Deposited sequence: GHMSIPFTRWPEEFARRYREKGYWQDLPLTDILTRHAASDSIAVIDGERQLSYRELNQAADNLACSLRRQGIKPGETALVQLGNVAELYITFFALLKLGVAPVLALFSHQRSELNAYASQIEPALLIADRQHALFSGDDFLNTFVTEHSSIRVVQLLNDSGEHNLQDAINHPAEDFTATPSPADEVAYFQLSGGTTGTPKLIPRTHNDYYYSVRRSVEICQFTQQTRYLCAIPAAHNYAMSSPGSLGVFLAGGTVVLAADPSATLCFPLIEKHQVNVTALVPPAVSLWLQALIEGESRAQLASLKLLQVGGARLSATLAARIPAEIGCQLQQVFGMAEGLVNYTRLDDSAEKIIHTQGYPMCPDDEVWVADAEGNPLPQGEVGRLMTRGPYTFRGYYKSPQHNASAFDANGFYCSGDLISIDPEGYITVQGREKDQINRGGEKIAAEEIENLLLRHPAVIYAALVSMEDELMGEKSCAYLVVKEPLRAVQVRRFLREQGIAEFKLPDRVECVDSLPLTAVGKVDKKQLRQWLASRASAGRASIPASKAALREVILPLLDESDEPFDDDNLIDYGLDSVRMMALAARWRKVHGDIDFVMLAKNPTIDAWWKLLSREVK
């Protein structure tokens, strides 16, 4: 029925024979516990039993059937980190419908994009979301995508109230999930491409993803999991994420964001033993502790998952040191292929590598530029196929052609290298995609918006280092009439895109490399940047800038003044000597101190 790329007959056989595809519905995850009175979800003050959760799902599905939603249809769901998300998810699974779980941070243009490829018969959104405070964008939206028939809204005492359908009990309704080898729902790809590109996941492949993730991370009835990153992403969903907790009878604790202020209290209060984060939030947490939060509220936490973005060995090491729990690096994509470091792994592999695939039948090779297998120390493009990795994007034949080699191996656009032990390390990136706090940003998607501006001739979006976010977006523009970053960010916001897509820096420049096709050449530009970057002071005035912080803030010296009289201490001086010796190697401590004036030291750095 729904049109996805299937697996070669031969693979569908090996995957069932090898036990990976159990041909069970994803609903079976919540169904197992249908009779349990233990707590599945804690959202704020509310707590739901598995019985209640599964019941709510039956109700909402029943109520939706009554509103004339037929199996085979698609939906568009935008819900935040709130229980109604998990309810809606299972309700839609029980009906036979395939939703797209949209990020709550998404906006006008993203939602439009999704609804156009999906042709949704159902819309579920939240009135606390800016687009849904009023019914105007709402009304405009339903008319523009005509397929939409039913609409339910969270936080609405009004007509379309979602809670009404959730609490209206069940009829002669029985579940009708789609077949195990038929599409279950759609996941969102981390953008490489301007038109948003969806990922179909069948009950079979997705369920394996979750089961095997539970085995590896040791989730059990005991697991109390804090889900503070966006709940709708594949990571906090399947890896093992909240669904993995549900399969195992554990407890999911939802939180609106991952702020130490919000989370710390919840981890102690609910005795949380595991949680998943992205590197920027780990930085935030470690610092919040140093800034006087009590390392003791976090004492119940025995496991910290970190993934979605490059995690430095420096930062990884700080986790068990300052927080005092075990680290597991998770490297996965919405398309398939999650790599974990194991819990019984050595501290060497856990701090330095990204681990290895969750499946023995996950195939990974390292590829060179023409497409050739490299040995195992060598760096190249990551290729993989497998039992939970998909065979192509939904209704996107154009892109599918470039994303898969002739053998069905997907390419993530990641540069990796493999250990002699078989562990993967993320070396770099062969894609134009920016990874910002672990939110993917498609460079071309944003360039195309920039080109909608009258004064923009050529546009290029590249990543750039940030100690905290880990990467930030920087837009390089060639302009008719000069443009200021504010105006760009403002212009783009008016285009109705997610707030984190707005560039963190904008640099107008005299020219940009153009390739035969008309787009800026990213390889090039990336080179004539990273070169300029890789350093000791330029102007005598640049040397003053370096010295001043080392003296008494109280006064400023004349270039010929003795800097000791200004409070510069011999140790800071020795260091300055060391830093400058790496350029003029005759400079030592003694030489600097023999005549310590700015004049003297400038004559030396000449």
The record leaves without C-alpha coordinates the deposited-sequence stretches 1-3, 538-541, 614-617
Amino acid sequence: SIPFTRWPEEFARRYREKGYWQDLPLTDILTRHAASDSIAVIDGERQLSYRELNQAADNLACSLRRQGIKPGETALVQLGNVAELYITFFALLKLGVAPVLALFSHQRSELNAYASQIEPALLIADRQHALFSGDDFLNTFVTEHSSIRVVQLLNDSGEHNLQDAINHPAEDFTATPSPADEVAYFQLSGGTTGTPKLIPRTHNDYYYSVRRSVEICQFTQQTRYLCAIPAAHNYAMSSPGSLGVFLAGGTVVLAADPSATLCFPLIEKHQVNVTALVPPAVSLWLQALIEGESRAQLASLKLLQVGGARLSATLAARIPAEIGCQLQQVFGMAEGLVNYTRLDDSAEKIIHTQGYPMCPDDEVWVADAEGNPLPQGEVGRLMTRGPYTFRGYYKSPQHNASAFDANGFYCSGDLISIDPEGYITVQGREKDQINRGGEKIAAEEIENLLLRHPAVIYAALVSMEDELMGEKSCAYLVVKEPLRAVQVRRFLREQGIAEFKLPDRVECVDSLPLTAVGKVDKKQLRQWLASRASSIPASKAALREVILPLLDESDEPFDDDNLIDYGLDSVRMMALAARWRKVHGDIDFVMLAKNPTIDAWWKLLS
From here on, numbers count along this sequence of modelled residues.
142-150 versus 478-486: which one carries the higher mean Cα B factor per the record? 142-150
Per the entry, where is the mean C-alpha temperature factor higher: 17-25 or 583-591? 583-591
Given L131, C227, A83, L111, the residue at which the Cα B factor reaches its maximum: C227
Scanning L64, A34, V571, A57 for peak Cα temperature factor in the entry gives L64
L93 CA temperature factor, ranked by third within the chain: highest
By the recorded C-alpha temperature factor, relative to the other modelled residues in its chain, which third is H399 in? highest
Just say lowest, middle or highest third for the CA B-factor of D257 relative to the other modelled residues in its chain. lowest
Lowest, middle or highest third - CA B-factor, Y388: highest
Third of the chain, ranked by Cα B-factor, where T223 sits: lowest
